[PDB]
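Remarks on the structure that follows.
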Amino acid sequence: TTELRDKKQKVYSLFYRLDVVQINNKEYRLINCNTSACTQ
Amino acid sequence: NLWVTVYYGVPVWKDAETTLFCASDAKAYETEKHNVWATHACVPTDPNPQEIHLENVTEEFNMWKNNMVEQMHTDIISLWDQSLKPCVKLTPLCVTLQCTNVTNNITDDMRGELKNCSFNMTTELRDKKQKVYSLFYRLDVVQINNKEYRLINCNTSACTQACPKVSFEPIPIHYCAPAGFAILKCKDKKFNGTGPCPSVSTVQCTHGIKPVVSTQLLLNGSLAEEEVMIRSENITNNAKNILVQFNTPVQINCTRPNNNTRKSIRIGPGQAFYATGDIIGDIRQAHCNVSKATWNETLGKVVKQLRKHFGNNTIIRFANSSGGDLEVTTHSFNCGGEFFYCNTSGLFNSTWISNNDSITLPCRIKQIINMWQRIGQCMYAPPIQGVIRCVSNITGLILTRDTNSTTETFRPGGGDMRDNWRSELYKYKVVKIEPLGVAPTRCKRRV
Amino acid sequence: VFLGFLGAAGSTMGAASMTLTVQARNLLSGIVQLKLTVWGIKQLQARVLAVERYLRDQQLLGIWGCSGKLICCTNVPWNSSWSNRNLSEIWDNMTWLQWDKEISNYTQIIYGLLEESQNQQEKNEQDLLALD
Amino acid sequence: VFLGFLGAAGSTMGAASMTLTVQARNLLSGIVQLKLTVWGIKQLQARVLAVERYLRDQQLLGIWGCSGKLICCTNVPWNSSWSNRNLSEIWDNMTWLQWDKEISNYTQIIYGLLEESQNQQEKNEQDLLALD
Amino acid sequence: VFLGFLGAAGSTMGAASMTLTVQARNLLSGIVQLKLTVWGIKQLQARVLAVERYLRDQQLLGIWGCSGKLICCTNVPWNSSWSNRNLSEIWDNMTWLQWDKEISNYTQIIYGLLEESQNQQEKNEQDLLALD
């Protein structure tokens, strides 16, 4: 989601496999989300 | 032979900055209405403010390095923010608007200026939405890419709704120094902006100063004695500006002839938003009324001064600003919570040689505003229900100085609101008393 | 005659000495009388700084064996290099502000001997007088 | 005999004067020993107000040339209009609370002369005795 | 000779007494000079605690009729049970730290008589000398 609260926007980004984990291309998850929130 | 003798309570002082604090009568606290302005948390004034003229005491006054202004400025800003934090944020208003022209009395004198938009807005019932509508000035919204429009603030920052209970009425504030510091006040009717004052007095605290925010024109300030006062950091430097203080109040009467309603919409959960209902009544553009002969007369008195710092054979012309940002281009001011932007071309359009009637000033209304040139945040004014009209005293000008051997042109400016505070605080300065002193005296001390 | 706070500021040092207490009282003053808030820690800070401001110098007068202040003598002789003027040229023809204008140059220098000499020597001496 | 804080409060002014120090100590007391929080600025404010409360009057005793307080004499005569009673009618037959009940009417009035008369005159005089 | 803050700490109590003021000054020190913030209430708290820390004991010296401190005598005799040593065994052969190591055991006990005896008796007596 972008600033325009209505339609999303398909984007891409790189993430280390130390940061993400497979759920269950394939589906992955930010590791922190199972423990707590994360701040930039 | 003389000896070192120690003295205490010596009437001497050094120019020094400290932390000033406010004072505010006792009737100003009776206005209640859930803390109007940033004031309530402020020590009541004494019923008998004291003073004392000081004979034989003279010294320098420098309004251009008077740090009282700087404190006051940032303190007012702080107050502003604190009064908004506990109020409703308008973040979910940032949506695509579907807008159309408003058919004002045919054909078209009003030029619309407002669009009756509509969109599906969220309500308390977190499950089903409802379509609502509201009016917004075309100064607040902008076309995306009926047509689609956007709240202008959403490209820069979030916006917060000012509480409907809190007001913006300027209230007289007194400033006091802590023990060991003195408030000095010259009573000299003459003052160049800096230098020695033959007649110096001192006071407990300052006189009540209203925190009036305005550009170009100064409103509800203090009056000058003798002649019109011209003050500038450097008259010859046109990179600077000129402060003009009047001798006689110049009445200005501004009106918004719109008995409009407030279709408040419950954009919860819980918190409420005040949208613009309908506009009915005398559909005329808001404007200001100025006594023309009065303006001409006073302007002349101003030119006399100018003559006195430029020569007895020069030409003085007055014109409007260089243009650009509306906030600087036009005269901005608050009346009753509403923000006006007026075309002062109707005033600043004249000339003087070598040696009713009334004026109507077209104004515009904005609801999204930015204080003190500050970016990163914005404040939404709620529409004020009913016809809004008020009157005030013009008490000075903020002028700037524009093939340089005769004709010079001057124009209105502003922007930096520290100028406004300084236009009053020039009468004051703060010094630090040093009680301890020594001196030679014929005395040899025994056991 | 009561003049008022700093009422003698515009007079000779001799004249001004008459009413040092009228000033002394208000050097510390006293009285005065949603959380935080502007002013919330400013009145705090200021009122604190007043107390410190006062005692910082009061302690010096405590060290400089007087205490009964406003005025007291010492056993330190005045060095002629510290603005060589006559008493009538000083006390009967100069304000305190004008005085500081000059003498301020030797402030810490004079404090040296005030902070010490007498304070050191007045004592010991007394202990020795207590021998019998 | 140690009575305790305000232990002589219920006695004649003469009797009470015996143990003024027992009270004096606790007039300032001392000791005592997520941010802000309730109490966070209340213990602050209170402990401050204690210090001010104390010194505000202590300075007056500093001005009223005594310092060695609890009790000291002056050179100001008592005006008979200020409750004309005999010493046995006062000191041997009246508590301090009962005393204030009456004399409180002339508080500032008496302070006038205490704040001044002697403080003014005791001095100058001394400077003149220092002539030789 | 100026040694510096605590410059005589490593010397005999007799020697150390020479320069008590050099220490005294910095016992209270003074000077020092987005809201809250870390340090925001820590410099506050600390600077406060310094003032209290000081006065708490200073008042005791106020009560113990001296005021002109660093050193003063009393009319309380030393009980031999409080570390029975000779003067040369004490003053000429012991540091202040070593002294406290022993005498600290009777601190409050000694304070009892200091807080009282003389303070009680010195007075009354004087009032009686004022009879004529």
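Letters A, B, ... go to the chains of the structure tokens in the order shown; residues in each chain start at 1; ligands are counted from 1 in the same order.
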If we count only C-alpha atoms, what is near range 31-39 of chain A at a cut-off of 7 Å, once residues fewer than 5 positions away on the same chain are taken out, given as a list in words?
residues 19, 20 and 21 of chain A
Residues from the last selection, N, CA and C atoms, saved as a PDB file, in the first residue's frame:
ATOM      1  N   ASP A  19      16.831 -12.996   7.534  1.00  0.00           N
ATOM      2  CA  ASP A  19      15.751 -12.134   8.000  1.00  0.00           C
ATOM      3  C   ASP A  19      14.381 -12.767   7.776  1.00  0.00           C
ATOM      4  N   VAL A  20      14.251 -13.537   6.699  1.00  0.00           N
ATOM      5  CA  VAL A  20      12.962 -14.120   6.337  1.00  0.00           C
ATOM      6  C   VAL A  20      12.917 -15.631   6.542  1.00  0.00           C
ATOM      7  N   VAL A  21      11.701 -16.165   6.649  1.00  0.00           N
ATOM      8  CA  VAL A  21      11.510 -17.598   6.831  1.00  0.00           C
ATOM      9  C   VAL A  21      10.293 -18.090   6.051  1.00  0.00           C
TER      10      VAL A  21
END
Using only C-alpha atoms, which chain D residues lie at most 12 Å away from chain C, written as a PyMOL selection string?
chain D and resi 35-38+40-42+44-45+48-49+51-57+59-68+115-116+119-121+123-124+126-127+130
Find, counting only C-alpha atoms, the residue in B:8, B:318, B:191, B:410 that gets nearest to residue 229 in chain B.
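The shortest atom-to-atom distance to residue 229 in chain B comes from B:191.
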Write out as a ChimeraX atom specification each polymer residue whose atoms come within 9 Å of range 91-103 of chain B, counting only C-alpha atoms; drop sequence neighbours fewer than 4 positions from it.
/A:3-6 /B:107-108,112-119,121-122,141,143-144,146-151,153-154,158-160,267
Produce a file of the selected residues containing N, CA, C and O atoms, as a short mmCIF file (atom, residue, chain, number, x, y, z; two decimals), in the first residue's frame.
data_model
loop_
_atom_site.label_atom_id
_atom_site.label_comp_id
_atom_site.auth_asym_id
_atom_site.auth_seq_id
_atom_site.Cartn_x
_atom_site.Cartn_y
_atom_site.Cartn_z
N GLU A 3 0.60 5.89 -0.38
CA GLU A 3 -0.12 6.98 0.26
C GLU A 3 -1.59 6.98 -0.15
O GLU A 3 -2.47 7.24 0.68
N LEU A 4 -1.87 6.70 -1.42
CA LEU A 4 -3.24 6.67 -1.91
C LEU A 4 -4.02 5.53 -1.26
O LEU A 4 -4.01 4.40 -1.75
N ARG A 5 -4.69 5.82 -0.15
CA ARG A 5 -5.47 4.81 0.56
C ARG A 5 -6.63 4.33 -0.29
O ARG A 5 -7.77 4.78 -0.11
N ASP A 6 -6.36 3.43 -1.23
CA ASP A 6 -7.40 2.90 -2.11
C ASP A 6 -6.87 1.71 -2.90
O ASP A 6 -7.41 0.61 -2.81
N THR B 107 -25.31 34.68 -13.70
CA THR B 107 -24.37 33.75 -14.34
C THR B 107 -23.22 33.34 -13.42
O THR B 107 -23.19 32.22 -12.92
N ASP B 108 -22.25 34.24 -13.19
CA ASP B 108 -21.16 33.89 -12.29
C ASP B 108 -20.18 35.00 -11.86
O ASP B 108 -19.19 35.28 -12.53
N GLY B 112 -17.65 30.53 -8.22
CA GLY B 112 -17.68 29.28 -7.48
C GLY B 112 -16.83 29.30 -6.22
O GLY B 112 -17.33 29.55 -5.13
N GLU B 113 -15.54 29.04 -6.41
CA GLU B 113 -14.57 29.05 -5.32
C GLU B 113 -14.71 27.86 -4.38
O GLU B 113 -13.76 27.51 -3.67
N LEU B 114 -15.88 27.21 -4.37
CA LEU B 114 -16.09 26.02 -3.57
C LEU B 114 -16.75 24.95 -4.43
O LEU B 114 -17.53 25.25 -5.33
N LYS B 115 -16.41 23.70 -4.15
CA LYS B 115 -16.92 22.55 -4.88
C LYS B 115 -17.60 21.60 -3.91
O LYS B 115 -17.04 21.27 -2.86
N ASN B 116 -18.81 21.16 -4.26
CA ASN B 116 -19.57 20.23 -3.43
C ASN B 116 -19.16 18.82 -3.82
O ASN B 116 -19.70 18.22 -4.75
N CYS B 117 -18.19 18.27 -3.09
CA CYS B 117 -17.67 16.95 -3.39
C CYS B 117 -18.46 15.88 -2.63
O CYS B 117 -19.32 16.18 -1.79
N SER B 118 -18.17 14.62 -2.94
CA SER B 118 -18.83 13.50 -2.30
C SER B 118 -17.94 12.27 -2.41
O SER B 118 -17.19 12.13 -3.38
N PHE B 119 -18.04 11.39 -1.42
CA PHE B 119 -17.25 10.18 -1.39
C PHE B 119 -17.73 9.31 -0.24
O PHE B 119 -18.37 9.79 0.70
N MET B 121 -17.27 7.68 3.00
CA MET B 121 -16.44 7.87 4.17
C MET B 121 -16.79 6.84 5.24
O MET B 121 -17.95 6.42 5.36
N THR B 122 -15.79 6.45 6.02
CA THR B 122 -15.99 5.47 7.08
C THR B 122 -16.69 6.12 8.27
O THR B 122 -16.48 7.30 8.57
N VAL B 141 -8.10 22.36 -2.05
CA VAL B 141 -8.02 21.13 -2.84
C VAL B 141 -7.34 21.34 -4.19
O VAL B 141 -7.25 22.46 -4.70
N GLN B 143 -6.67 19.27 -8.21
CA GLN B 143 -7.04 18.20 -9.13
C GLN B 143 -5.97 17.11 -9.16
O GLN B 143 -4.77 17.40 -9.21
N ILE B 144 -6.40 15.85 -9.11
CA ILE B 144 -5.48 14.73 -9.26
C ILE B 144 -5.30 14.42 -10.74
O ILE B 144 -6.28 14.20 -11.46
N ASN B 146 -17.76 14.54 -13.22
CA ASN B 146 -16.95 15.14 -12.18
C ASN B 146 -15.48 14.82 -12.37
O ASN B 146 -15.11 14.06 -13.27
N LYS B 147 -14.64 15.42 -11.53
CA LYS B 147 -13.21 15.19 -11.59
C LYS B 147 -12.68 14.82 -10.22
O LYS B 147 -13.36 15.00 -9.21
N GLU B 148 -11.46 14.30 -10.19
CA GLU B 148 -10.83 13.85 -8.96
C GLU B 148 -9.99 14.97 -8.35
O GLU B 148 -9.25 15.66 -9.05
N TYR B 149 -10.10 15.15 -7.04
CA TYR B 149 -9.37 16.19 -6.33
C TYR B 149 -8.70 15.67 -5.07
O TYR B 149 -8.99 14.56 -4.60
N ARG B 150 -7.79 16.46 -4.50
CA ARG B 150 -7.05 16.01 -3.33
C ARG B 150 -6.84 17.15 -2.33
O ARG B 150 -6.64 18.30 -2.73
N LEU B 151 -6.88 16.83 -1.05
CA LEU B 151 -6.58 17.81 0.00
C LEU B 151 -5.10 18.18 -0.11
O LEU B 151 -4.24 17.31 -0.07
N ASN B 153 -2.78 19.31 1.65
CA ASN B 153 -1.83 18.99 2.70
C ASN B 153 -1.25 17.58 2.59
O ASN B 153 -0.16 17.31 3.08
N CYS B 154 -1.98 16.68 1.93
CA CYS B 154 -1.65 15.26 1.95
C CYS B 154 -0.37 14.93 1.19
O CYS B 154 0.16 13.82 1.31
N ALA B 158 0.55 15.07 7.43
CA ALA B 158 -0.77 14.92 8.03
C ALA B 158 -1.34 16.27 8.48
O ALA B 158 -0.59 17.20 8.81
N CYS B 159 -2.65 16.30 8.72
CA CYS B 159 -3.37 17.48 9.18
C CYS B 159 -4.25 17.16 10.38
O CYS B 159 -4.77 16.05 10.52
N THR B 160 -4.33 18.11 11.32
CA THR B 160 -5.07 17.93 12.55
C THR B 160 -6.19 18.96 12.65
O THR B 160 -5.97 20.14 12.37
N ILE B 267 -17.03 10.80 11.79
CA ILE B 267 -15.98 9.93 11.26
C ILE B 267 -15.19 9.35 12.43
O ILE B 267 -14.03 9.71 12.65
#
Select, as a PDB file with C-alpha atoms, in the first residue's frame, those residues of chain C with any atom no more than 8 Å from chain B (distances computed using only C-alpha atoms).
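Once written, part-v6.pdb looks like this:
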ATOM      1  CA  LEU C   6      17.608  50.043  42.713  1.00  0.00           C
ATOM      2  CA  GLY C   7      16.388  53.530  43.615  1.00  0.00           C
ATOM      3  CA  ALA C   8      19.912  54.734  44.344  1.00  0.00           C
ATOM      4  CA  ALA C   9      21.429  53.144  41.239  1.00  0.00           C
ATOM      5  CA  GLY C  10      21.894  56.596  39.734  1.00  0.00           C
ATOM      6  CA  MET C  13      28.830  54.897  45.562  1.00  0.00           C
ATOM      7  CA  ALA C  16      24.141  54.367  47.181  1.00  0.00           C
ATOM      8  CA  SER C  17      25.552  52.550  50.207  1.00  0.00           C
ATOM      9  CA  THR C  19      20.147  51.804  50.968  1.00  0.00           C
ATOM     10  CA  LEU C  20      21.830  48.509  50.051  1.00  0.00           C
ATOM     11  CA  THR C  21      19.191  46.470  51.889  1.00  0.00           C
ATOM     12  CA  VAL C  22      16.331  47.757  49.728  1.00  0.00           C
ATOM     13  CA  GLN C  23      18.163  45.982  46.906  1.00  0.00           C
ATOM     14  CA  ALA C  24      19.338  43.023  48.978  1.00  0.00           C
ATOM     15  CA  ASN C  26      14.952  41.272  46.016  1.00  0.00           C
ATOM     16  CA  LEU C  27      18.241  39.681  45.035  1.00  0.00           C
ATOM     17  CA  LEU C  28      16.502  36.458  46.051  1.00  0.00           C
ATOM     18  CA  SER C  29      13.011  37.884  46.283  1.00  0.00           C
ATOM     19  CA  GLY C  30      11.120  34.728  47.168  1.00  0.00           C
ATOM     20  CA  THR C  37       3.268  22.285  29.621  1.00  0.00           C
ATOM     21  CA  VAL C  38       5.232  25.367  28.589  1.00  0.00           C
ATOM     22  CA  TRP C  39       6.306  27.251  31.687  1.00  0.00           C
ATOM     23  CA  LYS C  42      10.671  27.024  33.009  1.00  0.00           C
ATOM     24  CA  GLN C  43       9.292  28.538  36.217  1.00  0.00           C
ATOM     25  CA  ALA C  46      14.279  29.856  36.689  1.00  0.00           C
ATOM     26  CA  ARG C  47      13.361  29.657  40.378  1.00  0.00           C
ATOM     27  CA  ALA C  50      17.719  32.171  41.384  1.00  0.00           C
ATOM     28  CA  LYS C  69      27.358  41.519  55.020  1.00  0.00           C
ATOM     29  CA  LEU C  70      26.401  44.478  52.875  1.00  0.00           C
ATOM     30  CA  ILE C  71      29.631  45.935  54.273  1.00  0.00           C
ATOM     31  CA  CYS C  72      32.659  44.728  56.237  1.00  0.00           C
ATOM     32  CA  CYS C  73      36.376  45.487  56.462  1.00  0.00           C
ATOM     33  CA  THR C  74      39.370  43.216  55.871  1.00  0.00           C
ATOM     34  CA  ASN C  75      43.076  43.144  56.685  1.00  0.00           C
ATOM     35  CA  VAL C  76      44.100  43.232  53.023  1.00  0.00           C
ATOM     36  CA  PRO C  77      45.764  46.485  51.871  1.00  0.00           C
ATOM     37  CA  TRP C  78      44.729  48.025  48.543  1.00  0.00           C
ATOM     38  CA  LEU C  87      38.601  58.848  47.864  1.00  0.00           C
ATOM     39  CA  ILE C  90      36.089  57.647  43.865  1.00  0.00           C
ATOM     40  CA  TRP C  91      33.385  57.693  46.565  1.00  0.00           C
ATOM     41  CA  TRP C  96      29.040  51.724  41.168  1.00  0.00           C
ATOM     42  CA  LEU C  97      28.609  50.992  37.459  1.00  0.00           C
ATOM     43  CA  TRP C  99      33.528  51.742  39.353  1.00  0.00           C
ATOM     44  CA  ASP C 100      33.140  48.241  37.920  1.00  0.00           C
TER      45      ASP C 100
END
Can you tell me which residues surround residue 102 in chain D at a distance of at most 12 Å, considering only C-alpha atoms, apart from same-chain residues fewer than 6 positions away, and format the answer as a list in words?
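These residues fall inside the cut-off: residues 81, 82, 83, 84, 85, 90, 94, 95 and 96 of chain D.
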Any idea what the distance is between CA of residue 223 in chain B and CA of residue 346 in chain B?
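CA of residue 346 in chain B lies at a distance of 23.9 Å from CA of residue 223 in chain B.
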Could you work out how far CA of residue 303 in chain B lies from CA of residue 419 in chain B, giving the answer in Å with one decimal?
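Straight-line distance from CA of residue 419 in chain B to CA of residue 303 in chain B works out to 21.5 Å.
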Chain E: residues DSSP assigns to helix (DSSP H, G or I), reported as number ranges by chain:
E: 13-28, 42-63, 87-90, 96-115, 117-129
Please indicate the distance in Å from CA of residue 111 in chain B to CA of residue 139 in chain B, rounded to one decimal place.
12.7 Å
Excluding same-chain residues fewer than 5 positions from residue 1 in chain A, what lies within 10 Å of it counting only C-alpha atoms, as a PyMOL selection string?
chain A and resi 6-11
May I have the residues from that selection written out with C-alpha atoms, as a compact mmCIF listing (two decimals), in the first residue's frame?
# COMPACT_ATOMS: atom_id res chain seq x y z
CA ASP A 6 -7.40 2.90 -2.11
CA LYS A 7 -5.22 0.90 -4.51
CA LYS A 8 -1.97 -0.93 -3.79
CA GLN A 9 1.21 -1.06 -5.87
CA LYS A 10 3.21 -4.18 -6.71
CA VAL A 11 6.82 -3.56 -5.66
